[PDB]
Structure formats: structure tokens, C-alpha cells
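Student: Got a structure here, written out as C-alpha cells. Questions coming.
Numbering (my numbering), first residue to last: 17 to 338.
Structure (C-alpha cells):
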């Protein structure tokens, strides 16, 4: 009954209370109540899908305008109202975001529309990405052939679009759900080998945190080494490659935090003398779309593969907190 709708609104409220002011929390919940006023759940339901979408956004510390727009999904094209959002308390920005998202809902023409919307207001893409994340979760009921078709569209379009707009955690989560729906047996085989080798890979990761710390000391570079999770990279690799348990146990990801760009360049030079450079990417000189900067280097010490992300203290706080 309405006890599901009102219980969902309180779940959203638990997320927005910590970072959004009470005046803004009033506005977001007002949109939620308006979304339900327009809607009668006749379609196998939907007010709760937009609330579940808005909860994903609320968890990413999204602004109140983006959250109201998510809640008012399909309210001006599917409901008996239009331009009602501007007239309502919601206002122009919300009506604009609402329309923008319905516009994004003919192969090449779709790609143009997605790209264009990114340059207009990335918040339209951020809402679209949360909506596709929520769909990947609720894909279970569908036939295995259909599930792998939606998963493939998400893999090709939404996973790279999410990295492009800076939402890398959201992209890793989306990519994970894609592999699950593309080939469940392959996902299960690889997740099992990852679980099996987890204790030993953690033991060698601590060893390499010490080896890298010793290298910084030997080469006279001041830094911090942070252990990084790399489950998605191992999964991405072994879903398309034969299993090798020594290679799976000895692959580690790290974040090295330095003081200066001169030290970042000084570290890459030192690493080149002690390892085989498999891959290198300079995002300091050529920042990623969205301003984030780092040097990415993939190394091959005998048996061990290391995936490093070299950054300064400042570059790290700009990337983590804007």
C-alpha cells in the first residue's frame, strides 16, 4: 500500500539529512510527494523506481536540484501535466533537467544525443547513469538472452560514459553487474578464484607496500603508499582470459601520494630502472575530462604485476572532494 511509498521517502531522508540543509531537505521531499500525487501505480508498480534512483544519487552527495529532477521522472511527457515543474516550487532548473532526461529516453543519433547532453549539463547524464544502475539490479526476472542484451548496451555505452563524467566508482559497480548478466558462469568461476586467492594476494600486497616504501626511501622520494582494491581489473581480465592462479595471486594496485609533480616524474624514472613498463598514461600534463590528474603506470616485476596511480597531495584532494 502507501506504507511502501512513505517508507521509501524516509530511506531517502536518512541519506540527505547528513549533508543537505533542512530548507533543501524540505524541497527534495516536496518533489517526492508531488511525484506520488501525479502517480497511480497501474503499471505493475511507479513512484518508488524514481525514489530508488534518487537514493543512488543522494548517496553520491548530489545537489538538491538533481534529486528533485530524478523524483519527477516522466512527469511532463507521461503524466497529465507539462511545463508544470517551472510553475511548481521545483522551478526552471528542475523542469530543464526533467526534460533533458526524457530527451535521452537509430544507433548513431543516440550517441550524438548522449554526447550533446554531457556538454549541456552533466547532471542529465548523472541522472541517466543512476537510472541504468538501478535497472541492472532489477534485471533478474528477464530471460537470459534479454538480460545479456541490456548488459551489453550498458557495457558499451554507460560504463565509459560514467568514467567520462568522473563517476569511476559508479562505473566499476555498473561494469560488475554487466559481467554478471553477460555470463553468470564466467563471473562465478572468476569470483571463486578471486575468493580462493584472496588471503595470499593480501599477504603479497602488504609485501609490495613495503617494497615500494623501500624504493621511495632508496631513491630519496617522500611519499605515502595506499593499498588499492583491484577486483574489477582482475575480473575484467579473467572473464576473457584463461585462469592463472599465480598471476591472479600476484597482481596488486597501489596509490602513491607525493608532494610535487617533480617527485612524480622522479618516481616514474626510478620505477623504470627496477621494473618492466607494461603501460604508461600521463594525466598530469593532459588531465582527464573533469580535471582529475595522476600518472598511471603498469609494471612487471618478476611474477608480480603492479598497477600504480601516482599523484600529489593536492591532486588527490581535488579528485576526492572537488
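No residue lacks a Cβ here, since even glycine has one placed at the ideal position from N, Cα and C.
Assign residue 70 to buried or exposed, taking buried as 16 or more other Cβ atoms, counted over all protein chains shown, within 10 Å of its Cβ.
Tutor: It is buried - the Cβ of residue 70 has at least 16 other Cβ atoms within 10 Å.
Student: Rounded to whole angstroms, what is the Cα-Cα separation between residue 307 and residue 199?
Tutor: Those two C-alpha atoms are separated by around 35 Å.
Student: If you draw a straight line from the C-alpha of residue 112 to the C-alpha of residue 137, how long is it?
Tutor: Near 10 Å, if we compare the C-alpha coordinates of residue 137 and residue 112.
Student: Check whether the segment 321 to 332 and the segment 293 to 312 are in contact - that is, three or more C-beta pairs closer than 8 Å.
Tutor: The answer is yes - the segment 293 to 312 touches the segment 321 to 332, with three or more Cβ pairs under 8 Å.
Student: Give the DSSP bridge partners of residue 270, in chain order.
Tutor: DSSP, once it has assigned bridges, lists 243 and 324 as partnering residue 270.
Student: Using the C-alpha atoms, what's the distance from residue 81 back to residue 37?
Tutor: Approximately 13 Å between the Cα atoms of the pair.
Student: Within its chain, find whatever has a CB closer than 8 Å to the CB of residue 129; leave out the 5 residues flanking it on each side and keep chain order.
Tutor: These residues qualify, in order along the chain: 119 and 120.
Student: Residue 283 and residue 237 look like a contact to me (Cβ under 8 Å); what is the Cβ gap, rounded to whole Å?
Tutor: Indeed, because the Cβ distance is near 5 Å, the residues count as touching under 8 Å.
Student: Here's the rule: buried if 16 or more other CB atoms are within 10 angstroms of the residue's CB, otherwise exposed. What is residue 66?
Tutor: Buried, by the Cβ-count rule.
Student: Going by C-alpha distance, which of 77, 180, 317 and 304 is nearest residue 34?
Tutor: Nearest option by C-alpha distance: 77.
Student: Out of 248, 261, 289 and 333, state which residue places its alpha-carbon closest to the alpha-carbon of residue 319.
Tutor: With distances taken between Cα atoms, residue 319 lies closest to 261.
Student: Can we say the segment 247 to 266 touches the segment 208 to 220, given the rule of at least three CB pairs closer than 8 Å?
Tutor: Yes, they touch.
Student: Mind checking who residue 206 pairs with in its DSSP beta bridge?
Tutor: In DSSP, residue 206 forms no bridge with anything.
Student: Buried or exposed, going by whether 16 or more other CB atoms sit within 10 Å of the CB of residue 289?
Tutor: By the 10 Å Cβ count, residue 289 comes out exposed.
Student: Are the beta-carbon atoms of residue 47 and residue 140 separated by less than 9 Å?
Tutor: It is not a contact, given that the beta carbons lie outside the stated cut-off.
Student: Rounded to whole angstroms, what is the Cα-Cα separation between residue 316 and residue 293?
Tutor: Straight-line Cα distance between these residues: approximately 6 Å.
Student: Report all residues from its chain with a CB closer than 7 Å to the CB of residue 24; omit the five preceding and five following residues, and keep chain order.
Tutor: Hits under 7 Å: 64 and 67.
Student: CB residue 106 to CB residue 50, shorter than 9 Å?
Tutor: Against a cut-off of 9 Å, the Cβ pair of residue 50 and residue 106 comes out as a contact.
Student: Give, in chain order, every unbroken run of the beta strand (DSSP E) that is at least 3 residues long and sits entirely within the segment 135 to 201.
Tutor: DSSP runs (the beta strand (DSSP E)) wholly in the segment 135 to 201: none.
Student: By Cβ distance, which residues of its chain are closer than 7 Å to residue 74, with the 5 residues on each side in sequence left out?
Tutor: Counting only Cβ-Cβ distances below 7 Å, and skipping sequence neighbours, we find 28, 31, 32 and 83.
Student: Per DSSP, what kind of secondary structure is residue 23 in: helix, strand or coil?
Tutor: Three-state DSSP puts residue 23 in a helix.
Student: What residue does the beta strand (DSSP E) around residue 333 start on, and which one ends it?
Tutor: Note, residue 333: premise wrong, no beta strand (DSSP E); alpha helix (DSSP H) at 329 to 337.
Student: So for residue 63, helix, strand or coil by DSSP?
Tutor: Residue state, collapsed to three classes: coil.
Student: Considering residue 277, what are the terminal residues of the alpha helix (DSSP H) in which it resides?
Tutor: Taken as a continuous stretch (DSSP letters only), the alpha helix (DSSP H) holding residue 277 covers 277 to 290.
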